[PDB]
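Visitor: Can you keep this structure in mind? I'll have questions shortly.
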Amino acid sequence: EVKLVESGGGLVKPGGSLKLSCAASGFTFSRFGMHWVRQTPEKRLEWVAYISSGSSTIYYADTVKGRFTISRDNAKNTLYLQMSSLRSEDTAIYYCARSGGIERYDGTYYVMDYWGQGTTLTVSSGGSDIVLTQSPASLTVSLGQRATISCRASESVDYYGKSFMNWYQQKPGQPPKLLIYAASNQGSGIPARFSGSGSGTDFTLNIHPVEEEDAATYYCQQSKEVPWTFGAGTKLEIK
Amino acid sequence: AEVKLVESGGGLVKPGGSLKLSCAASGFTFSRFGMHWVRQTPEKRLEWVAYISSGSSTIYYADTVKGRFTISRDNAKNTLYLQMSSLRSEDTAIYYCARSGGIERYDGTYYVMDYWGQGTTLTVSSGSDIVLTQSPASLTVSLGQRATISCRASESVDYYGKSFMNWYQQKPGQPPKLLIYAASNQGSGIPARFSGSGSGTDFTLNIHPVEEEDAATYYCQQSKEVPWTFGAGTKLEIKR
Amino acid sequence: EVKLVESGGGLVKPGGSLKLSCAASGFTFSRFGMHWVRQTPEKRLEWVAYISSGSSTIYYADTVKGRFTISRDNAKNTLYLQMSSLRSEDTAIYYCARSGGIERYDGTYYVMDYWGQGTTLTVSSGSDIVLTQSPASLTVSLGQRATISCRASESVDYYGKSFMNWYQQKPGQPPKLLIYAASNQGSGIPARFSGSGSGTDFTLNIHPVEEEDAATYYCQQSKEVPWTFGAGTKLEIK
Amino acid sequence: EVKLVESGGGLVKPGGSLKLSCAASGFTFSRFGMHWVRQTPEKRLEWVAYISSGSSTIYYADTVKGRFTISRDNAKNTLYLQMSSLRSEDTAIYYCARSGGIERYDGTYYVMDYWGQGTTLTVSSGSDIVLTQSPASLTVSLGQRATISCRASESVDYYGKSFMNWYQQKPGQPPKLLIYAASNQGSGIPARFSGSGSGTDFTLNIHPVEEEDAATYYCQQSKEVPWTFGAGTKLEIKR
Amino acid sequence: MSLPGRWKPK
Amino acid sequence: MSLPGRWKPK
Amino acid sequence: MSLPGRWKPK
Amino acid sequence: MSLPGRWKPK
């Protein structure tokens, strides 16, 4: 199976330097783009950096540009994130996410399909992004009923008949797991009770019937434009 | 907007072997449409294989594939499947997936194979059916002239005042495309120069005036009784 | 929170004596009956002994009766197993299992809900309910279905309830309770695990199978003494 | 008359080197291909290596390739298995099996017909034809019927013959050949053992079960390399 | 009558 | 009846 | 167009 | 064809 093991975090003073590593195994590392995604202690997901499989295209979030450097060693199956001029805002658990390609009739759809357990970083004491407004902040349903989580994007995430909307599920201590990709398509081994829908700017995730194990925090994500952006998250509890 | 069907999973198989086909559907609400498997032999003869209803409440198989074939669908994944086993050389064909499109009229809904995928290729390395007698075997018509293809069914394809006769056009390298449904009704964006007529057992497809792009193979098909059956086909060519 | 630590194993010559201990913590030890269960190197589970919370009822397996002695110290939160006249057949990893009571509307159902890591013992050179488990093994692709069946030699039903339980065991870990009372789901067991059956025929269905389902699965009946296990079915992923 | 005597096992630290030997007698050793088959402590049979009579063709299992080397000395009637980079997973009883040719009307069928007592090794601190055997175990009274089934991940048929074999192993003894070619009975095998099936589904029937039938039974396919075995079915007699 | 793959009245 | 270690009625 | 890390046309 | 260690046709 595919595995990702991040490491290298820890406590650092502001303005310091640090390098994270991720050892990849179980897949042909050199054929997949890789991501760094961080989760603040407030359970907010923030995309950090992206590098293509061959290292031909590199993206950084606007808040980390210049100070961060992403690189990869395909011979050693290792991904790196060089950090410098660290700030208190950089305090988060840093995950490495693989960009998995899903082939459609008209092309290949790429989604962050596999995540590592993540390493923890602690820092001591324009706005053209596609903003995803998720609803609600949390919700409590009895066993067996229906749970609906909504998202309204600041602009259309549609691209030539495809809706670049994805849904992730995260249980405490675990990394996000892909539920729905391309607004309505189901991920690898996702039970049919998870159903995605919507188009343009309005999207919805439905869970029916909710099971006890569905208690987790759910995030929407758009993958049409850089930066990748996430909803604030919806914590699902059961009865 | 754009309805698409992508079959996959073919290849070479020895006799008695097994193989599983898949079809990825996009551009329409897959769960609300019945789906077909139709195969085309290397001799350009169309053979209906299997059908599954939208909700999987009704399943039909051709007599040549009973027991050995299994049709199924996963509406959550928008995928249609065809499990094949005990494969024989006669099963060698290109397998198309066809959507059963419902056309709503005042008195009911008429269902026809309206959208077809590009198909996947399978190669096996070695009674009461309504037989449609298509005429002629081929046709060579000059530009602007009239081309007439006829069909005699072995028995009436009429059911409660409607004639369940359909016509398809197939150009090389492409799947069949619906021309006429319900004997005389025109398909989606089919030019009026294609005209179907007839009732009961005798039907006709008229192409007038024939244009250069009309060079293809044309098939009649009855959709009154299971199995769906096709005419032998008529290749239309343009005189030089 | 709940922990069980067995200890005292090691190598012993045939005919020797040895005592295993289990230190219990994280629960009110004095309010739970306790089990000893051993696993042979062939991966076969054999129930060894049981003692009630107050030590009013004691059961031993026929293979160890007379030579083995189970006891408990509720003041010390410790369970003991005195073994003597040891044989090569006694070579196994010995687990300590808590008898957890699950309260229903008509009564309490008791099942081995918590197991320790176990201590290893190595010996140097009729009316039982037989559970026929099927298949011997199975290799399934990700997301498809895995079905494990069980055919008991006789009925495990008692007063409208089927005393059939299912356990999951991954390498290096003790068995973990999946299904109890034929169809009931354990604590935090995913809904894709579904137990069913009645009388003598029971089934464990897994759909859709995920990577984490790779383990060995055992059925177990808890209606009559001795507690008996199926031979086990090792699930692998393509 | 025919004898195979393995030797060379024992305790070894991981990563060490070791060579096993098998002394053959009672048959013309130079005219038979030879096998190494090992049995894990879970009593699962795993084919290790094969060498032809003239040593022109050599096969290894993927778990031992590169680290193991099979060879033979036809002058001394001895078979060898040199092991290196030993791992704990190599802990098993290693049997030597002769590749016996059985002449049929249309050709010669090769099966592991004679097995040695085996030597024990203990290491301290994809397209394979998978055989799904059923059931895991069986307890039958004397005189009743015992039915063991097998389902292969793909067809073991080759040119009208089903390359499915059945082996019986009693405690303390090596596996003994029961059925070859799906339905043929081995050397001096009672007619109460009957194999049947074709393609992917096969069955072993024992009727009436006798006391000496208490053993573990394995199916084996001899269509493709690697030779693969079923998980095994332990038959006991109810008393 | 209803013809599943063919006709649905009304 | 009550079955020690297994079942306790009511 | 091609969207690196998101979409690749066929 | 011949399958070494398994089958030899006549």
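Following the order of the structure tokens, first chain is A, next is B, and so on, with residues numbered from 1 inside each chain and ligands from 1 in the order they appear.
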Which parts of chain E does DSSP call strand (DSSP E or B) when run on the backbone here, written out as a PyMOL selection string?
Guide: chain E and resi 3+7-9
Visitor: Restrict the distance test to only C-alpha atoms, flag each residue of chain D within 9 Å of chain H, and return the flagged residues as a PyMOL selection string.
Guide: chain D and resi 33-34+50-52+57+99-101+104-111+163+222-224
Visitor: Neighbouring residues of residue 146 of chain A were defined as those with any atom within 10 Å, considering only C-alpha atoms; residues of the same chain fewer than 2 positions away were excluded. Please report them as a PyMOL selection string.
Guide: chain A and resi 141-144+148+193+206-211
Visitor: So how far away is atom CA of residue 28 of chain A from atom CA of residue 106 of chain A, in Å?
Guide: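 Atom CA of residue 106 of chain A sits 24.4 Å away from atom CA of residue 28 of chain A.
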Visitor: Can you tell me how far atom CA of residue 157 of chain A sits from atom CA of residue 138 of chain A, in Å to one decimal?
Guide: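 Between atom CA of residue 157 of chain A and atom CA of residue 138 of chain A the gap works out to 24.1 Å.
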Visitor: How many Å lie between atom CA of residue 188 of chain D and atom CA of residue 204 of chain D, rounded to one decimal?
Guide: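 Separation of atom CA of residue 188 of chain D and atom CA of residue 204 of chain D: 16.8 Å.
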Visitor: Which residues come within 9 Å of segment 186-197 of chain B, counting only C-alpha atoms, excluding same-chain residues fewer than 3 positions away, as an MDAnalysis selection string?
Guide: chainID B and resid 114 166:167 178:183 202:210
Visitor: Please produce a file of those selected residues containing N, CA, C and O atoms, as a PDB file, in the first residue's frame.
Guide:
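Once written, out-v1.pdb looks like this:
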ATOM      1  N   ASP B 114     -30.311   6.046 -27.738  1.00  0.00           N
ATOM      2  CA  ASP B 114     -30.079   7.372 -28.301  1.00  0.00           C
ATOM      3  C   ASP B 114     -28.627   7.826 -28.242  1.00  0.00           C
ATOM      4  O   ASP B 114     -28.219   8.650 -29.065  1.00  0.00           O
ATOM      5  N   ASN B 166     -36.935   1.495 -35.591  1.00  0.00           N
ATOM      6  CA  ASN B 166     -35.922   2.532 -35.482  1.00  0.00           C
ATOM      7  C   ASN B 166     -34.856   2.338 -36.554  1.00  0.00           C
ATOM      8  O   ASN B 166     -34.627   1.228 -37.043  1.00  0.00           O
ATOM      9  N   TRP B 167     -34.196   3.441 -36.908  1.00  0.00           N
ATOM     10  CA  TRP B 167     -33.158   3.453 -37.929  1.00  0.00           C
ATOM     11  C   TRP B 167     -31.893   4.105 -37.388  1.00  0.00           C
ATOM     12  O   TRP B 167     -31.953   5.139 -36.716  1.00  0.00           O
ATOM     13  N   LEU B 178     -28.520   7.437 -33.887  1.00  0.00           N
ATOM     14  CA  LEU B 178     -29.955   7.322 -34.112  1.00  0.00           C
ATOM     15  C   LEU B 178     -30.418   8.297 -35.186  1.00  0.00           C
ATOM     16  O   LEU B 178     -30.136   9.498 -35.118  1.00  0.00           O
ATOM     17  N   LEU B 179     -31.126   7.768 -36.184  1.00  0.00           N
ATOM     18  CA  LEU B 179     -31.706   8.590 -37.236  1.00  0.00           C
ATOM     19  C   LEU B 179     -33.197   8.785 -37.005  1.00  0.00           C
ATOM     20  O   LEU B 179     -33.663   9.905 -36.767  1.00  0.00           O
ATOM     21  N   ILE B 180     -33.947   7.685 -37.082  1.00  0.00           N
ATOM     22  CA  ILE B 180     -35.398   7.683 -36.942  1.00  0.00           C
ATOM     23  C   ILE B 180     -35.774   6.768 -35.785  1.00  0.00           C
ATOM     24  O   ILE B 180     -35.220   5.673 -35.641  1.00  0.00           O
ATOM     25  N   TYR B 181     -36.721   7.219 -34.965  1.00  0.00           N
ATOM     26  CA  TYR B 181     -37.337   6.396 -33.938  1.00  0.00           C
ATOM     27  C   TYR B 181     -38.843   6.393 -34.159  1.00  0.00           C
ATOM     28  O   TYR B 181     -39.396   7.324 -34.751  1.00  0.00           O
ATOM     29  N   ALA B 182     -39.498   5.332 -33.686  1.00  0.00           N
ATOM     30  CA  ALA B 182     -40.947   5.171 -33.823  1.00  0.00           C
ATOM     31  C   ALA B 182     -41.378   5.271 -35.286  1.00  0.00           C
ATOM     32  O   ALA B 182     -42.311   5.999 -35.637  1.00  0.00           O
ATOM     33  N   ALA B 183     -40.653   4.551 -36.147  1.00  0.00           N
ATOM     34  CA  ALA B 183     -40.967   4.390 -37.566  1.00  0.00           C
ATOM     35  C   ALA B 183     -40.798   5.673 -38.375  1.00  0.00           C
ATOM     36  O   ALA B 183     -40.218   5.642 -39.465  1.00  0.00           O
ATOM     37  N   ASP B 202     -43.812  -3.585 -42.685  1.00  0.00           N
ATOM     38  CA  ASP B 202     -43.086  -2.986 -43.800  1.00  0.00           C
ATOM     39  C   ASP B 202     -42.704  -1.552 -43.457  1.00  0.00           C
ATOM     40  O   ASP B 202     -43.569  -0.742 -43.108  1.00  0.00           O
ATOM     41  N   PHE B 203     -41.412  -1.246 -43.557  1.00  0.00           N
ATOM     42  CA  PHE B 203     -40.890   0.070 -43.221  1.00  0.00           C
ATOM     43  C   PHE B 203     -39.854   0.480 -44.256  1.00  0.00           C
ATOM     44  O   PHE B 203     -39.257  -0.358 -44.935  1.00  0.00           O
ATOM     45  N   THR B 204     -39.659   1.791 -44.380  1.00  0.00           N
ATOM     46  CA  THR B 204     -38.753   2.347 -45.372  1.00  0.00           C
ATOM     47  C   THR B 204     -38.011   3.537 -44.780  1.00  0.00           C
ATOM     48  O   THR B 204     -38.586   4.329 -44.027  1.00  0.00           O
ATOM     49  N   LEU B 205     -36.734   3.656 -45.127  1.00  0.00           N
ATOM     50  CA  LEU B 205     -35.927   4.833 -44.835  1.00  0.00           C
ATOM     51  C   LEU B 205     -35.548   5.481 -46.158  1.00  0.00           C
ATOM     52  O   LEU B 205     -34.934   4.836 -47.013  1.00  0.00           O
ATOM     53  N   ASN B 206     -35.921   6.745 -46.329  1.00  0.00           N
ATOM     54  CA  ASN B 206     -35.605   7.496 -47.536  1.00  0.00           C
ATOM     55  C   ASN B 206     -34.616   8.604 -47.204  1.00  0.00           C
ATOM     56  O   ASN B 206     -34.808   9.349 -46.237  1.00  0.00           O
ATOM     57  N   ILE B 207     -33.552   8.692 -47.996  1.00  0.00           N
ATOM     58  CA  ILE B 207     -32.561   9.754 -47.893  1.00  0.00           C
ATOM     59  C   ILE B 207     -32.613  10.520 -49.207  1.00  0.00           C
ATOM     60  O   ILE B 207     -32.241   9.985 -50.260  1.00  0.00           O
ATOM     61  N   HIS B 208     -33.067  11.772 -49.149  1.00  0.00           N
ATOM     62  CA  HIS B 208     -33.248  12.571 -50.352  1.00  0.00           C
ATOM     63  C   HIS B 208     -33.274  14.046 -49.969  1.00  0.00           C
ATOM     64  O   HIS B 208     -34.147  14.471 -49.201  1.00  0.00           O
ATOM     65  N   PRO B 209     -32.342  14.865 -50.481  1.00  0.00           N
ATOM     66  CA  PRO B 209     -31.278  14.433 -51.392  1.00  0.00           C
ATOM     67  C   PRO B 209     -30.039  13.911 -50.666  1.00  0.00           C
ATOM     68  O   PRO B 209     -29.625  14.474 -49.654  1.00  0.00           O
ATOM     69  N   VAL B 210     -29.460  12.834 -51.196  1.00  0.00           N
ATOM     70  CA  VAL B 210     -28.273  12.246 -50.593  1.00  0.00           C
ATOM     71  C   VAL B 210     -27.110  13.216 -50.730  1.00  0.00           C
ATOM     72  O   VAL B 210     -26.856  13.758 -51.814  1.00  0.00           O
TER      73      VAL B 210
END
Visitor: Please produce, as a tab-separated table, a per-residue contact table for chain C versus chain D (criterion: any atom at most 8 Å away, only C-alpha atoms considered), showing the nearest atom pair and its distance in Å to one decimal, sorted by chain then residue number.
Guide:
residue	atom	partner	partner_atom	distance
C:41	CA	D:41	CA	6.1
C:42	CA	D:42	CA	4.3
C:43	CA	D:42	CA	6.2
C:126	CA	D:239	CA	5.3
C:130	CA	D:139	CA	7.5
C:132	CA	D:138	CA	6.1
C:133	CA	D:136	CA	5.6
C:134	CA	D:135	CA	4.3
C:135	CA	D:134	CA	4.3
C:136	CA	D:136	CA	3.5
C:137	CA	D:231	CA	6.0
C:138	CA	D:132	CA	5.8
C:139	CA	D:130	CA	7.6
C:231	CA	D:136	CA	5.8
C:232	CA	D:136	CA	6.6
C:233	CA	D:136	CA	6.8
C:238	CA	D:126	CA	7.4
Visitor: Up to 9 Å from chain B, what residues of chain D turn up? Count only C-alpha atoms and give them as a PyMOL selection string.
Guide: chain D and resi 154-155+199
Visitor: Return as a ChimeraX atom specification the residues belonging to chain B that are within 9 Å of chain E, counting only C-alpha atoms.
Guide: /B:34-35,51-53,58,60,100,102,105-112,164,223-226
Visitor: Save out the residues we just selected, N, CA, C and O atoms, as a tab-separated table (two decimals), in the first residue's frame.
Guide:
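Dumped everything to again-v8.tsv:
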chain	number	residue	atom	x	y	z
B	34	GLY	N	-32.18	3.48	-18.28
B	34	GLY	CA	-31.77	2.12	-18.59
B	34	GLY	C	-30.59	2.10	-19.53
B	34	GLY	O	-30.37	3.03	-20.32
B	35	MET	N	-29.80	1.03	-19.46
B	35	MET	CA	-28.57	0.94	-20.23
B	35	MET	C	-28.51	-0.38	-20.99
B	35	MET	O	-29.04	-1.40	-20.55
B	51	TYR	N	-29.51	-5.71	-21.27
B	51	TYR	CA	-30.16	-4.49	-20.84
B	51	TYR	C	-30.41	-4.53	-19.34
B	51	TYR	O	-30.72	-5.58	-18.78
B	52	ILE	N	-30.28	-3.37	-18.69
B	52	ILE	CA	-30.58	-3.21	-17.28
B	52	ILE	C	-31.36	-1.92	-17.09
B	52	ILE	O	-31.03	-0.89	-17.67
B	53	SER	N	-32.41	-1.99	-16.27
B	53	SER	CA	-33.23	-0.82	-16.01
B	53	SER	C	-32.46	0.15	-15.11
B	53	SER	O	-31.43	-0.17	-14.53
B	58	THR	N	-35.30	-4.71	-13.88
B	58	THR	CA	-35.56	-5.57	-15.03
B	58	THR	C	-34.24	-5.83	-15.75
B	58	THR	O	-33.48	-4.90	-16.01
B	60	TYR	N	-32.51	-8.11	-19.05
B	60	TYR	CA	-32.67	-8.94	-20.23
B	60	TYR	C	-31.31	-9.35	-20.78
B	60	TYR	O	-30.36	-8.56	-20.77
B	100	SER	N	-30.54	4.02	-22.94
B	100	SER	CA	-31.95	3.91	-23.29
B	100	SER	C	-32.61	5.25	-22.99
B	100	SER	O	-32.98	5.54	-21.85
B	102	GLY	N	-35.52	7.97	-23.05
B	102	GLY	CA	-36.97	8.03	-23.09
B	102	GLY	C	-37.43	9.31	-23.74
B	102	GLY	O	-36.99	10.41	-23.37
B	105	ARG	N	-44.17	11.35	-25.04
B	105	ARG	CA	-45.26	11.75	-25.91
B	105	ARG	C	-46.50	12.01	-25.06
B	105	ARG	O	-46.48	11.92	-23.83
B	106	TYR	N	-47.61	12.33	-25.74
B	106	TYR	CA	-48.85	12.62	-25.03
B	106	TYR	C	-49.41	11.39	-24.32
B	106	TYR	O	-50.00	11.52	-23.25
B	107	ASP	N	-49.22	10.21	-24.90
B	107	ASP	CA	-49.81	8.99	-24.37
B	107	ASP	C	-48.81	8.10	-23.64
B	107	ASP	O	-49.22	7.09	-23.05
B	108	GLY	N	-47.52	8.42	-23.66
B	108	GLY	CA	-46.55	7.62	-22.95
B	108	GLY	C	-45.14	7.97	-23.37
B	108	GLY	O	-44.91	8.93	-24.12
B	109	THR	N	-44.20	7.17	-22.88
B	109	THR	CA	-42.77	7.36	-23.13
B	109	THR	C	-42.24	6.25	-24.02
B	109	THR	O	-42.49	5.07	-23.77
B	110	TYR	N	-41.50	6.64	-25.06
B	110	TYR	CA	-40.88	5.72	-26.01
B	110	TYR	C	-39.38	5.68	-25.74
B	110	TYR	O	-38.74	6.74	-25.67
B	111	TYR	N	-38.83	4.48	-25.60
B	111	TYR	CA	-37.44	4.30	-25.21
B	111	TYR	C	-36.63	3.78	-26.39
B	111	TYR	O	-37.04	2.83	-27.07
B	112	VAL	N	-35.48	4.41	-26.64
B	112	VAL	CA	-34.64	4.09	-27.79
B	112	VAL	C	-33.18	4.28	-27.40
B	112	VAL	O	-32.86	5.07	-26.51
B	164	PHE	N	-42.85	0.15	-33.47
B	164	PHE	CA	-41.57	0.18	-32.74
B	164	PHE	C	-40.42	-0.16	-33.69
B	164	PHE	O	-39.73	-1.17	-33.54
B	223	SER	N	-37.88	-2.38	-31.69
B	223	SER	CA	-37.83	-2.29	-30.24
B	223	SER	C	-39.17	-2.62	-29.60
B	223	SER	O	-39.55	-2.04	-28.58
B	224	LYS	N	-39.92	-3.55	-30.20
B	224	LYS	CA	-41.19	-3.97	-29.61
B	224	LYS	C	-41.02	-5.12	-28.63
B	224	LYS	O	-41.58	-5.10	-27.53
B	225	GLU	N	-40.25	-6.14	-29.02
B	225	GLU	CA	-40.08	-7.33	-28.20
B	225	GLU	C	-38.61	-7.58	-27.92
B	225	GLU	O	-37.73	-7.22	-28.72
B	226	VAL	N	-38.35	-8.22	-26.79
B	226	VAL	CA	-37.01	-8.69	-26.45
B	226	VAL	C	-36.79	-10.05	-27.11
B	226	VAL	O	-37.68	-10.92	-27.01
Visitor: Please identify all residues of chain A having at least one atom at most 8 Å from any atom of chain G, considering only C-alpha atoms, and return them as a ChimeraX atom specification.
Guide: /A:33,50,52,57,99,105-111,223-224
Visitor: Give me, as a PyMOL selection string, the contact residues of chain A against chain B at a cut-off of 10 Å, counting only C-alpha atoms.
Guide: chain A and resi 104-106+161-162+184-187+190-196
